Amino acid sequence: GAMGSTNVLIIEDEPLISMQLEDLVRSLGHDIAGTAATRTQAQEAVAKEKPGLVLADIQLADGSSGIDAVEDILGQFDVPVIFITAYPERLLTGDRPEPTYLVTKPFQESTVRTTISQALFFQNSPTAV
């Protein structure tokens, strides 16, 4: 990495997907800031360490929405978030704004590696509305 190993927050209840994302993002030369199966664990992760990139699904273990977890984090930081989930359509349910980065489950590592590189290309420096 040129900007250093950017630690990533992975919000995913499914362990096989979490560790997949962990290894995947690790292959990209990044790190893991924490793993969260729930929105609560997500906030605790953040309470511990600030991630430079966030990953979240829709359905969490607690029944909470990963989007809400993301927005919570976004209420703390202005960091790039990538939504990888089996419910792309759920983010398009009259919500109006569309997720900046979206990948559908099951994902292709090629797409994921691509998406991370984009999210971290457009580093969140300006103040977007």
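Quick look at the UniProt feature "domain: Response regulatory" (unreviewed entry) in the protein
According to UniProt, the feature "domain: Response regulatory" (unreviewed entry) maps to residues 7–120 in the numbering used here. Within the segment residues 7–120, helix and strand shares are 38% and 20% respectively, and the terminal C-alpha atoms sit 12 Å apart.

What about the packing of aromatic side chains?
Per the counting criterion, the structure on display carries 1 aromatic pair. Judged by centre distance (5.2 Å) and plane angle (65°), the rings of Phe-121 and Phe-122 are edge-to-face. A relative accessible area of 57% places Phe-122 in the exposed class. Across from the ring centre of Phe-77, 5.7 Å away, lies the NZ or CZ of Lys-50, which sits over that ring.

So, the sheet that holds strand 5 (residues 102–104)
With parallel pairing, 5 strands are arranged side by side in an open sheet as 2-1-3-4-5. If you trace the sheet from one side to the other, it starts and ends with strand 2 (31–36) and strand 5, each paired once. Adjacent strand axes in the sheet meet at a mean angle of 20° when their direction is disregarded. With 5 bridges connecting them, strand 1 (residues 7–11) and strand 2 associate as parallel partners. Looking across to strand 2, one finds that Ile-11 is bridged to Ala-36. Its contacts with the sheet place helix 4 (residues 109–119) against strand 3 (53–56), strand 4 (81–85) and strand 5, and it is angled at close to 160° to strand 4.

Quick notes on helix 2 (residues 39–48)
Where helix 2 is concerned, the buried positions are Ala-42, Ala-45 and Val-46. Down the axis of helix 2, the buried side of the element spans an arc of 95°, and every buried residue falls inside it. Among the exposed residues of helix 2, those oriented more than 90 degrees off its buried face are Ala-47 and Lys-48. Considering only its buried residues, helix 2 is in contact with strand 1, strand 2 and helix 3 (66–74).

Thoughts on the side chain of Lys-105
Looking at where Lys-105 falls in the secondary structure, it is placed in the loop between strand 5 and helix 4. There is a polar contact of 2.7 Å between the side chain of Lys-105 and the side chain of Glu-12. At a separation of 2.6 Å, a polar atom in the side chain of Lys-105 contacts the side chain of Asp-57. In this structure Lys-105 touches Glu-12, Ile-17, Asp-57, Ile-84, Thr-85 and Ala-86, once residues within four positions along its chain are discounted.

Structural notes on the pairing of strand 1
With respect to burial, strand 1 is a largely interior element, 5 of its 5 residues being buried. Of the two faces of strand 1, the one lined by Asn-7, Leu-9 and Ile-11 and the one lined by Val-8 and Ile-10 are each fully buried. As judged from the 4 bridges shared by strand 1 and strand 3, these two strands associate in the parallel manner. Residue pairing in the sheet places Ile-10 in a bridge with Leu-55 of strand 3.

Cut-offs applied
- Residues numbered from 1 in each chain as written, not as in the entry; some residues may be left out.
- Heavy atoms only, no water.
- UniProt positions renumbered as here; feature names shortened; annotations may be inferred.
- Helix = DSSP H or I, 4+ residues; strand = E, 2+ residues; numbered from the N terminus.
- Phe/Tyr/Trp six-rings, centres within 6.5 Å; stacked < 30°, edge-to-face > 60°.
- Buried < 20%, exposed > 50% of the residue type's maximum accessible area, 1.4 Å probe, protein only.
- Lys NZ or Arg CZ within 6 Å of the ring centre and 35° of its normal.
- Pairing = 2+ DSSP bridges.
- Axes fitted to C-alpha atoms, helices over the stretch in contact; angles between N-to-C directions.
- Contact = heavy atoms within 4.5 Å.
- Arc of directions from axis to C-beta.
- Polar contact = N/O pair within 3.5 Å; in protein donor to acceptor, adjacent residues only side chain to side chain.

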